[PDB]
>>> print(open('target_5.cif').read())   # mmCIF, C-alpha atoms
data_my_file
loop_
_atom_site.label_atom_id
_atom_site.label_comp_id
_atom_site.auth_asym_id
_atom_site.auth_seq_id
_atom_site.Cartn_x
_atom_site.Cartn_y
_atom_site.Cartn_z
CA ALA A 1 42.10 -133.03 -90.79
CA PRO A 2 40.49 -133.94 -94.17
CA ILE A 3 37.11 -134.26 -92.37
CA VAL A 4 35.02 -131.14 -92.91
CA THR A 5 31.40 -129.94 -92.91
CA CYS A 6 29.38 -127.90 -95.44
CA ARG A 7 27.61 -124.65 -94.32
CA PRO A 8 24.07 -125.38 -95.67
CA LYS A 9 20.89 -123.79 -94.37
CA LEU A 10 18.19 -125.92 -92.78
CA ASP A 11 15.45 -123.62 -91.37
CA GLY A 12 17.34 -120.30 -91.17
CA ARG A 13 20.43 -121.54 -89.24
CA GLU A 14 23.61 -122.86 -90.88
CA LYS A 15 24.20 -126.54 -89.98
CA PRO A 16 27.46 -128.51 -90.51
CA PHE A 17 26.89 -131.10 -93.26
CA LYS A 18 29.03 -134.26 -92.66
CA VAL A 19 31.58 -134.28 -95.54
CA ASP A 20 35.01 -135.94 -95.59
CA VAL A 21 37.66 -134.78 -98.09
CA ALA A 22 38.85 -138.39 -98.47
CA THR A 23 35.54 -139.59 -99.98
CA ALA A 24 35.23 -136.27 -101.90
CA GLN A 25 38.44 -136.79 -103.87
CA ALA A 26 37.66 -140.54 -104.08
CA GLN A 27 34.25 -139.97 -105.77
CA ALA A 28 35.64 -137.27 -108.09
CA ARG A 29 38.62 -139.36 -109.24
CA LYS A 30 36.44 -142.52 -109.37
CA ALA A 31 33.79 -140.90 -111.60
CA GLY A 32 36.52 -139.09 -113.60
CA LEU A 33 35.75 -136.51 -116.31
CA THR A 34 33.72 -138.97 -118.42
CA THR A 35 29.97 -139.58 -118.45
CA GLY A 36 27.37 -141.08 -120.77
CA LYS A 37 26.49 -144.58 -119.50
CA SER A 38 23.65 -143.03 -117.43
CA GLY A 39 24.13 -139.32 -116.67
CA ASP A 40 26.85 -138.98 -114.00
CA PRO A 41 29.32 -137.40 -113.65
CA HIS A 42 28.09 -134.11 -115.16
CA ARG A 43 29.88 -131.17 -116.80
CA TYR A 44 29.96 -128.11 -114.55
CA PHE A 45 29.92 -124.68 -116.22
CA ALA A 46 30.17 -121.23 -114.53
CA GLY A 47 26.59 -120.89 -113.29
CA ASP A 48 26.50 -121.25 -109.49
CA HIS A 49 28.83 -118.17 -109.26
CA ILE A 50 31.38 -120.41 -107.50
CA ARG A 51 35.14 -119.75 -107.44
CA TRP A 52 36.37 -122.44 -105.02
CA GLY A 53 39.08 -119.98 -103.90
CA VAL A 54 41.07 -121.17 -106.98
CA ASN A 55 42.26 -119.36 -110.13
CA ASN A 56 41.61 -122.38 -112.39
CA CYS A 57 38.00 -122.91 -111.25
CA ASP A 58 37.36 -119.11 -110.85
CA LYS A 59 37.49 -118.97 -114.67
CA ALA A 60 34.17 -118.36 -116.41
CA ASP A 61 34.39 -120.24 -119.75
CA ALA A 62 36.25 -123.09 -117.99
CA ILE A 63 35.44 -126.81 -117.89
CA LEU A 64 34.42 -128.19 -114.49
CA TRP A 65 32.51 -131.30 -113.36
CA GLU A 66 30.06 -132.42 -110.67
CA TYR A 67 29.31 -135.79 -109.03
CA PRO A 68 26.92 -136.89 -106.19
CA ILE A 69 28.01 -138.55 -102.92
CA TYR A 70 26.75 -140.07 -99.73
CA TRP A 71 27.85 -138.34 -96.52
CA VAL A 72 28.75 -140.28 -93.35
CA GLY A 73 25.11 -140.42 -92.16
CA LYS A 74 24.12 -142.21 -95.40
CA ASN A 75 24.77 -145.97 -95.80
CA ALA A 76 25.15 -146.13 -99.59
CA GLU A 77 27.28 -144.91 -102.53
CA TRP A 78 26.59 -143.53 -106.01
CA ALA A 79 27.01 -145.84 -109.00
CA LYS A 80 28.52 -145.22 -112.47
CA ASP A 81 25.68 -146.37 -114.75
CA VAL A 82 22.92 -145.03 -112.47
CA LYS A 83 21.07 -141.74 -112.97
CA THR A 84 19.56 -139.70 -110.09
CA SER A 85 16.15 -141.26 -110.98
CA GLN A 86 17.30 -144.91 -110.80
CA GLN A 87 19.55 -144.12 -107.81
CA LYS A 88 18.21 -146.04 -104.82
CA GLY A 89 20.75 -145.14 -102.13
CA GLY A 90 19.10 -141.73 -101.69
CA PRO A 91 19.04 -138.04 -102.72
CA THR A 92 22.15 -135.93 -102.06
CA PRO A 93 22.48 -132.16 -102.72
CA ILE A 94 26.23 -132.25 -102.03
CA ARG A 95 28.22 -132.75 -105.25
CA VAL A 96 32.01 -132.89 -105.72
CA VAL A 97 33.29 -130.28 -108.17
CA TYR A 98 36.53 -130.54 -110.09
CA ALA A 99 38.23 -128.95 -113.07
CA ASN A 100 38.83 -130.83 -116.33
CA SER A 101 42.60 -130.08 -115.86
CA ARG A 102 42.96 -131.28 -119.53
CA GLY A 103 41.90 -134.85 -118.58
CA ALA A 104 42.47 -134.61 -114.78
CA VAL A 105 40.52 -133.84 -111.56
CA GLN A 106 41.78 -131.38 -108.91
CA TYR A 107 38.87 -131.92 -106.40
CA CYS A 108 38.15 -128.17 -106.79
CA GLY A 109 35.81 -128.70 -103.83
CA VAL A 110 32.40 -130.09 -102.78
CA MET A 111 29.30 -127.84 -103.08
CA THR A 112 25.78 -128.18 -101.62
CA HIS A 113 22.35 -126.53 -101.56
CA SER A 114 21.19 -123.92 -98.99
CA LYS A 115 17.68 -125.45 -98.60
CA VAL A 116 17.93 -128.77 -96.76
CA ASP A 117 14.57 -129.06 -94.92
CA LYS A 118 14.27 -132.85 -94.44
CA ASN A 119 14.88 -134.45 -97.85
CA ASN A 120 17.83 -132.14 -98.59
CA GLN A 121 15.95 -130.79 -101.65
CA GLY A 122 17.76 -127.51 -102.31
CA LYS A 123 16.53 -124.56 -104.35
CA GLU A 124 19.20 -121.86 -104.02
CA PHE A 125 22.66 -121.97 -105.59
CA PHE A 126 25.32 -124.52 -104.67
CA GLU A 127 27.30 -123.07 -101.75
CA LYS A 128 30.83 -124.54 -101.52
CA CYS A 129 31.63 -126.71 -98.50
CA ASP A 130 34.29 -126.01 -95.83
#
>>> encode(input="target_5.cif", output="structure tokens")
Amino acid sequence: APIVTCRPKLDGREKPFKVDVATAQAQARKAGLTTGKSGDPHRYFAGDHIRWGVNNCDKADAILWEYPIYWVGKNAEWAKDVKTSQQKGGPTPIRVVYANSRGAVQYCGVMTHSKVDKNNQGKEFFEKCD
């Protein structure tokens, strides 16, 4: 089943964050490894101490990427030429991560914050989803 759920922290307990692989690879491939119109997608660099259980992404001086998405509960989608500020749909801590694969995306995985009170703000690192 491509349908999964992140392991973010609400108020001390880990809660399953609605996240489908289908959309995850769709948003990553859709956004591609090219940004500049607005701000998204963004270049990911070894910083969140993430490995994604992969040798390619595990790399330190590698070239990854990150893009926002709307889970099932949301009723919108992220645009191309729309920054997080202009974005109307709503805030989303969950971002799809993918390697540059020399001009390709391998949906390395989707990450999220560990501080989702109500507005899914997030302060801690970006824990990978499962």
>>> resolve_selection(input="target_5.cif", expression="the PyMOL selection byres ((chain A and resi 111) around 7)", output="list in words")
residues 94, 95, 96, 97, 109, 110, 112, 126, 127, 128 and 129 of chain A
>>> write_last_selection(input="target_5.cif", atoms="C-alpha atoms", output="mmCIF file, in the frame of the given file")
data_model
loop_
_atom_site.group_PDB
_atom_site.id
_atom_site.type_symbol
_atom_site.label_atom_id
_atom_site.label_comp_id
_atom_site.auth_asym_id
_atom_site.auth_seq_id
_atom_site.Cartn_x
_atom_site.Cartn_y
_atom_site.Cartn_z
ATOM 1 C CA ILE A 94 26.230 -132.250 -102.030
ATOM 2 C CA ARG A 95 28.220 -132.750 -105.250
ATOM 3 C CA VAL A 96 32.010 -132.890 -105.720
ATOM 4 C CA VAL A 97 33.290 -130.280 -108.170
ATOM 5 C CA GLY A 109 35.810 -128.700 -103.830
ATOM 6 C CA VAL A 110 32.400 -130.090 -102.780
ATOM 7 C CA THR A 112 25.780 -128.180 -101.620
ATOM 8 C CA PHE A 126 25.320 -124.520 -104.670
ATOM 9 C CA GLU A 127 27.300 -123.070 -101.750
ATOM 10 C CA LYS A 128 30.830 -124.540 -101.520
ATOM 11 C CA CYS A 129 31.630 -126.710 -98.500
#
>>> resolve_selection(input="target_5.cif", expression="the PyMOL selection byres ((chain A and resi 60) around 9)", output="ChimeraX atom specification")
/A:45-47,49,57-59,61-63
>>> closest_residue(input="target_5.cif", among="A:100, A:55, A:115, A:91", to="residue 76 of chain A", atoms="all atoms listed in the file")
A:91
>>> resolve_selection(input="target_5.cif", expression="the PyMOL selection byres ((chain A and resi 102-105) around 9)", output="ChimeraX atom specification")
/A:25,28-29,32-33,63-65,97-101,106-108
>>> write_last_selection(input="target_5.cif", atoms="C-alpha atoms", output="PDB file, in the coordinates of the input")
ATOM      1  CA  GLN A  25      38.440-136.790-103.870  1.00  0.00           C
ATOM      2  CA  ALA A  28      35.640-137.270-108.090  1.00  0.00           C
ATOM      3  CA  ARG A  29      38.620-139.360-109.240  1.00  0.00           C
ATOM      4  CA  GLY A  32      36.520-139.090-113.600  1.00  0.00           C
ATOM      5  CA  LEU A  33      35.750-136.510-116.310  1.00  0.00           C
ATOM      6  CA  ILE A  63      35.440-126.810-117.890  1.00  0.00           C
ATOM      7  CA  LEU A  64      34.420-128.190-114.490  1.00  0.00           C
ATOM      8  CA  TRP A  65      32.510-131.300-113.360  1.00  0.00           C
ATOM      9  CA  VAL A  97      33.290-130.280-108.170  1.00  0.00           C
ATOM     10  CA  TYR A  98      36.530-130.540-110.090  1.00  0.00           C
ATOM     11  CA  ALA A  99      38.230-128.950-113.070  1.00  0.00           C
ATOM     12  CA  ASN A 100      38.830-130.830-116.330  1.00  0.00           C
ATOM     13  CA  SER A 101      42.600-130.080-115.860  1.00  0.00           C
ATOM     14  CA  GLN A 106      41.780-131.380-108.910  1.00  0.00           C
ATOM     15  CA  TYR A 107      38.870-131.920-106.400  1.00  0.00           C
ATOM     16  CA  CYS A 108      38.150-128.170-106.790  1.00  0.00           C
TER      17      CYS A 108
END
>>> closest_residue(input="target_5.cif", among="A:118, A:23, A:48, A:43", to="residue 77 of chain A", atoms="only C-alpha atoms")
A:23
>>> axis_aligned_box(input="target_5.cif", around="segment 80-89 of chain A", padding_each_side="8 Å", output="JSON")
{"center_x": 22.3, "center_y": -143.0, "center_z": -108.4, "size_x": 28.4, "size_y": 22.7, "size_z": 28.6}
>>> residues_around(input="target_5.cif", residues="residue 73 of chain A", least_positions_apart="6", cutoff="12 Å", atoms="all atoms listed in the file", output="number ranges by chain")
A: 17-20, 89-90, 92
>>> atom_distance(input="target_5.cif", atom1="atom CA of residue 80 of chain A", atom2="atom CA of residue 42 of chain A")
11.4 Å
>>> closest_residue(input="target_5.cif", among="A:123, A:54, A:67, A:21", to="residue 35 of chain A", atoms="only C-alpha atoms")
A:67
>>> atom_distance(input="target_5.cif", atom1="atom CA of residue 22 of chain A", atom2="atom CA of residue 72 of chain A")
11.5 Å
>>> residues_around(input="target_5.cif", residues="residue 14 of chain A", least_positions_apart="4", cutoff="12 Å", atoms="all atoms listed in the file", output="PDB file with C-alpha atoms, in the coordinates of the input")
ATOM      1  CA  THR A   5      31.400-129.940 -92.910  1.00  0.00           C
ATOM      2  CA  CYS A   6      29.380-127.900 -95.440  1.00  0.00           C
ATOM      3  CA  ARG A   7      27.610-124.650 -94.320  1.00  0.00           C
ATOM      4  CA  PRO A   8      24.070-125.380 -95.670  1.00  0.00           C
ATOM      5  CA  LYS A   9      20.890-123.790 -94.370  1.00  0.00           C
ATOM      6  CA  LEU A  10      18.190-125.920 -92.780  1.00  0.00           C
ATOM      7  CA  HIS A 113      22.350-126.530-101.560  1.00  0.00           C
ATOM      8  CA  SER A 114      21.190-123.920 -98.990  1.00  0.00           C
ATOM      9  CA  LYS A 115      17.680-125.450 -98.600  1.00  0.00           C
ATOM     10  CA  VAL A 116      17.930-128.770 -96.760  1.00  0.00           C
ATOM     11  CA  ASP A 117      14.570-129.060 -94.920  1.00  0.00           C
ATOM     12  CA  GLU A 127      27.300-123.070-101.750  1.00  0.00           C
ATOM     13  CA  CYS A 129      31.630-126.710 -98.500  1.00  0.00           C
TER      14      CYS A 129
END
>>> atom_distance(input="target_5.cif", atom1="atom CA of residue 125 of chain A", atom2="atom CA of residue 1 of chain A")
26.8 Å
>>> closest_residue(input="target_5.cif", among="A:40, A:130, A:66, A:11", to="residue 84 of chain A", atoms="all atoms listed in the file")
A:40
>>> closest_residue(input="target_5.cif", among="A:12, A:38, A:26, A:44", to="residue 85 of chain A", atoms="all atoms listed in the file")
A:38
